[PDB]
Every structure is written in C-alpha cells, then in structure tokens.
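Report on the structure given below.
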Amino acid sequence: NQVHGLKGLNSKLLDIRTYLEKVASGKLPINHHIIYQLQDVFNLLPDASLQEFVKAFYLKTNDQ
Amino acid sequence: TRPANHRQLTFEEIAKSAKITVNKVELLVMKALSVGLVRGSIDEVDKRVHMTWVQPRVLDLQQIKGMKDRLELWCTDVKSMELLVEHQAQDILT
Amino acid sequence: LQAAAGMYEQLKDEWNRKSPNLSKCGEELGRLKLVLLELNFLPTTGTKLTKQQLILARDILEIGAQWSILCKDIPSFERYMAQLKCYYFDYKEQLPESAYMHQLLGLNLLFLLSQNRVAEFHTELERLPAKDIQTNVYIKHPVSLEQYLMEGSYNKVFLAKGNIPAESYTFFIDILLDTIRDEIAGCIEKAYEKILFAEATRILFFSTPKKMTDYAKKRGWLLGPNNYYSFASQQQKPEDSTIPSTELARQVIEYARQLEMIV
C-alpha cells in the first residue's frame with residue numbers, strides 16, 4: 001500500500017509540473033488554486049520526531 | 001521572499017520601512033493574522049516576526065517558474081525512496 | 001655451527017666495546033646470511049644433540065639485532081626478532097636460549113607500544129603466563145608503561161627511562177614521546193576550552209614554548225592563553241525533539257521495514 005502510494009503520488013505531481021511549464025510559456029491561464037497549493041509545501045516545513053515502537057512479539061511465540 | 005525556505009524573519013526592518021512607530025505597526029499585522037491574509041505570530045521576546053504561511057500574490061508570471069523547478073526535486077525524492085522500501089521486506093511484499 | 005670469526009661470531013665481538021666499530025656492522029649483515037644458512041640446518045632435524053649449536057646460533061642473530069638498532073636499522077631488528085620468535089618455543093624445545101633473549105623480549109614490547117600495535121603486545125602476553133621464562137626485570141618495565149598509557153596516567157609514563165639503558169632500548173622510547181604528545185593534544189581538545197603556556201609545557205611534554213605555538217595552531221586552537229573550543233560542542237548535543245532528526249536506531253526508513261520482515 002505504501003509502495004502503491006509512492007507511484008501514485010508521483011503521478012499527481014507530474015500533472016502540476018507539466019502545467020506550470022505550459023502556463024509560463026504557451027500562455028495557459030494562471031488560477032489562484034494552482035499557486036495556493038504549491039506555496040504551502042514550502043511553508044509547513046515538517047520536522048521528524050520520535051515514537052511508535054514496541055518489543056512484545058517474542059514473549060508470545062516463547063509461551064506457545 | 002525570506003519565508004518559505006526558512007521560517008523566521010526580523011520585525012525591525014519592517015517597522016522602519018513603514019516609517020510609522022512600533023506600537024501601531026503590530027496592530028495592523030495582528031489584524032492581518034486575524035482575517036487570514038497572513039498566518040503566524042509576532043514574538044516581541046526577540047522583536048522578530050515568525051511567519052507560518054504567506055499568501056501567494058495571484059497572476060504573477062514569475063511565481064509559476066519558481067514552483068516548477070522545486071516540484072521536479074520532489075519527484076526525484078519519491079523515486080529514490082521507493083526503491084529502498086521495496087528492498088527490505090521484499091519477501092513479505094511478494 | 002659457530003667456529004672462528006670473520007662472519008661467524010665476528011658480529012658478536014663487534015657488539016662489545018672491545019672493538020666498538022658500527023662501521024663494520026653494516027657490511028656484516030650481508031655476510032651473516034651466509035653463516036646463517038648453516039645455522040638453520042640444526043633445528044627440527046636433531047634436537048638435544050644439536051643443543052650447543054643452537055645456543056650459539058641464536059646468540060649471534062639476537063646480539064646483532066641489538067647492535068643494528070644503534071645503526072638504526074628497522075627492517076633488521078624485526079626480521080631477527082621474527083626469526084628468533086619460533087626459537088623461544090622451538091619444537092618440543094631445541095634449547096637455543098641465551099641471556100640476551102631476556103633483553104630482546106623487553107625491547108620488542110617497547111617497540112610494539114611506539115608503533116601503536118597494542119594487539120600484538122596482548123598476543124605476546126598470552127604466550128607469556130609463566131613469566132619465569134626469562135623472569136621480569138626488562139619485561140616489568142613494558143608492562144608498567146602499558147598500564148600507564150592505558151589508565152590515562154600520562155605523568156607516570158616512562159620517557160625518562162629506557163633512554164638510560166643505551167644498548168637498544170633508546171630507539172623505541174624516542175619515537176614513543178611523539179606519540180604520547182599527540183595523544184595529550186587530542187584529549188585536551190575535547191576536554192577543556194582553554195590552555196595556558198604554564199599549563200601546556202608540562203601536559204604535552206613540550207621542551208619549549210616554541211613547540212607549544214607550533215602544535216596548537218594546527219588543530220586550530222591558538223588565540224592566546226585563552227581560547228574556546230570545548231565548551232560549546234558539549235552543550236549542543238541533548239535535545240532533538242524540537243529540531244528534526246534521524247541519527248540513531250539507524251536509517252529510519254529501512255528500520256521500520258526490516259523490523260516487520262523479521263517477525
């Protein structure tokens with residue numbers, strides 16, 4: 001699902017990207033929606049952070 | 001310009017450009033956060049303005065060029081990562 | 001077989017101060033290989049019967065090893081010591097043992113610390129437990145010296161001893177002084193933010209203030225009796241909860257995927 005998600009995300013980004021080239025030169029309209037979406041990516045700046053692990057799995061097989 | 005790449009900027013340059021005092025520039029800037037024209041905070045502990053998000057001014061040709069080159073770098077990144085995720089847990093993936 | 005002298009025991013008599021010429025010794029090394037072919041014949045063909053011959057064989061190569069590091073020949077000391085290695089515990093026992101084996105053991109052990117080949121020292125020690133194989137007067141000196149390095153007890157370390165016997169022990173200790181000096185510069189770099197000139201002379205074991213000026217700038221220290229390296233870096237390391245990171249637990253991306261394959 002994770003690998004399926006990456007090839008899928010990649011397709012969406014190509015649409016935007018090919019469009020910008022076409023708007024800049026070849027004069028396709030400039031819409032507020034396209035520009036709004038792009039700007040946000042830079043702004044939010046996600047920061048990697050701790051957590052989400054567990055060690056329980058071994059005890060259960062040993063018991064069995 | 002400066003917010004985007006790195007979040008914070010000094011508030012001292014903006015007050016002097018205004019040519020109007022410090023105690024009244026904050027007032028308009030607070031009003032701007034409130035409506036949602038710009039989003040972020042004014043931190044007077046260091047007298048700088050930390051901008052969370054900036055509005056992109058609309059129908060500017062220059063901005064379209066700017067986002068394009070960035071977008072291509074992201075595309076690379078997805079491909080690079082995808083090979084690694086499949087490498088380990090490949091037996092499990094099938 | 002050692003009998004007479006012009007290349008047999010010629011080297012032996014040279015090592016004494018009877019004839020204290022080193023000038024002859026350089027030439028001798030090429031000739032000694034010719035008597036050496038013969039010496040080589042006796043071990044693990046006969047054993048006890050050949051005993052006398054062994055003693056003599058070992059004495060010339062071992063006594064000349066000590067005399068060819070007052071000629072400062074590095075390649076010669078190692079290949080003699082190496083040759084005599086097997087002679088220490090040769091077969092069952094060929095008994096080629098000499099008094100000079102006692103000093104040799106000690107010279108090799110100081111040599112290994114200067115080269116910084118601590119692993120080899122430890123390997124030699126495992127062969128060694130019954131240290132009554134030539135007893136401890138020249139072997140006690142290397143073991144104390146290794147502990148002192150080990151501990152961080154730099155003041156105790158001998159750089160004042162081992163220059164006092166001048167037979168062959170001096171060669172190792174002079175080089176060792178450079179190695180300990182470097183070691184101090186590193187420890188101090190991470191440890192403390194400043195260094196004085198009152199401070200520096202004693203700790204690095206410098207002889208001069210000029211030596212101080214030279215060693216500090218390389219590393220980037222020098223600003224005067226007051227510098228600031230250490231402090232700032234020591235403070236910076238805790239907290240990466242508000243600052244993004246992936247460091248430890250490996251590369252995360254791999255980490256989650258690996259964890260799941262295993263179970």
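Note on naming: chains are A, B, ... as they come in the structure tokens, residues start from 1 per chain, ligands start from 1 in the order shown.
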Discussion item. At a cut-off of 12 Å, which residues of chain A touch chain C? Count only C-alpha atoms and give the answer as a ChimeraX atom specification.
Written reply: /A:2-3,45-58,60-61
Per residue of region 28-93 of chain B within 9 Å of region 10-18 of chain A, note the shortest atom pair and the distance in Å to one decimal, counting only C-alpha atoms, and order the rows by chain and increasing residue number, as a tab-separated table.
residue	atom	partner	partner_atom	distance
B:67	CA	A:17	CA	8.4
B:68	CA	A:17	CA	5.8
B:69	CA	A:17	CA	8.6
B:71	CA	A:17	CA	6.4
B:72	CA	A:17	CA	7.3
B:74	CA	A:13	CA	8.4
B:75	CA	A:10	CA	6.2
B:78	CA	A:10	CA	6.8
B:79	CA	A:10	CA	7.9
Worksheet item: Which residues of chain A are close to chain B, meaning at most 10 Å apart when you count only C-alpha atoms, and how do they look as an NGL selection string?
Response: :A and (1-7 or 9-11 or 13-14 or 16-25 or 27 or 29-45)
Worksheet entry | Which of B:17, B:1, B:80, B:23 sits closest to chain C [using only C-alpha atoms] | B:80
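With CA of residue 105 (chain C) on one side and CA of residue 5 (chain C) on the other, the separation reads 27.0 Å.
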Item to complete: Using only C-alpha atoms, select each residue of chain B with any atom at most 7 Å away from an atom of chain C, and give the selection as JSON, numbers by chain.
Response: {"B": [85, 88, 89, 92]}
Could those selected residues go to a file with N, CA, C and O atoms, as a PDB file, in the first residue's frame?
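Result written to selection01.pdb:
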ATOM      1  N   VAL B  85      12.184   1.079   0.124  1.00  0.00           N
ATOM      2  CA  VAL B  85      11.097   0.491   0.850  1.00  0.00           C
ATOM      3  C   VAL B  85      10.809  -0.984   0.360  1.00  0.00           C
ATOM      4  O   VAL B  85      10.773  -1.917   1.192  1.00  0.00           O
ATOM      5  N   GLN B  88      13.811  -3.897   1.455  1.00  0.00           N
ATOM      6  CA  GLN B  88      13.713  -4.625   2.691  1.00  0.00           C
ATOM      7  C   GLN B  88      12.259  -4.853   2.926  1.00  0.00           C
ATOM      8  O   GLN B  88      11.411  -3.978   2.811  1.00  0.00           O
ATOM      9  N   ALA B  89      11.878  -6.145   3.206  1.00  0.00           N
ATOM     10  CA  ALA B  89      10.529  -6.556   3.349  1.00  0.00           C
ATOM     11  C   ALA B  89      10.001  -6.918   1.996  1.00  0.00           C
ATOM     12  O   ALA B  89       8.811  -6.928   1.706  1.00  0.00           O
ATOM     13  N   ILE B  92       8.105 -10.476   2.252  1.00  0.00           N
ATOM     14  CA  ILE B  92       6.827 -10.123   2.773  1.00  0.00           C
ATOM     15  C   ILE B  92       5.946  -9.463   1.753  1.00  0.00           C
ATOM     16  O   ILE B  92       4.778  -9.838   1.665  1.00  0.00           O
TER      17      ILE B  92
END
Worksheet item: Expressed in Å to a single decimal, how great is the separation between CA of residue 54 (chain C) and CA of residue 96 (chain C)?
Response: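 The value is 4.3 Å.
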Practice prompt. Give the helix (DSSP H, G or I) residues of chain A, as assigned by DSSP on the backbone, as a PyMOL selection string.
Written response: chain A and resi 2-24+32-44+57-63
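Coordinates place CA of residue 135 (chain C) at a distance of 18.7 Å from CA of residue 58 (chain C).
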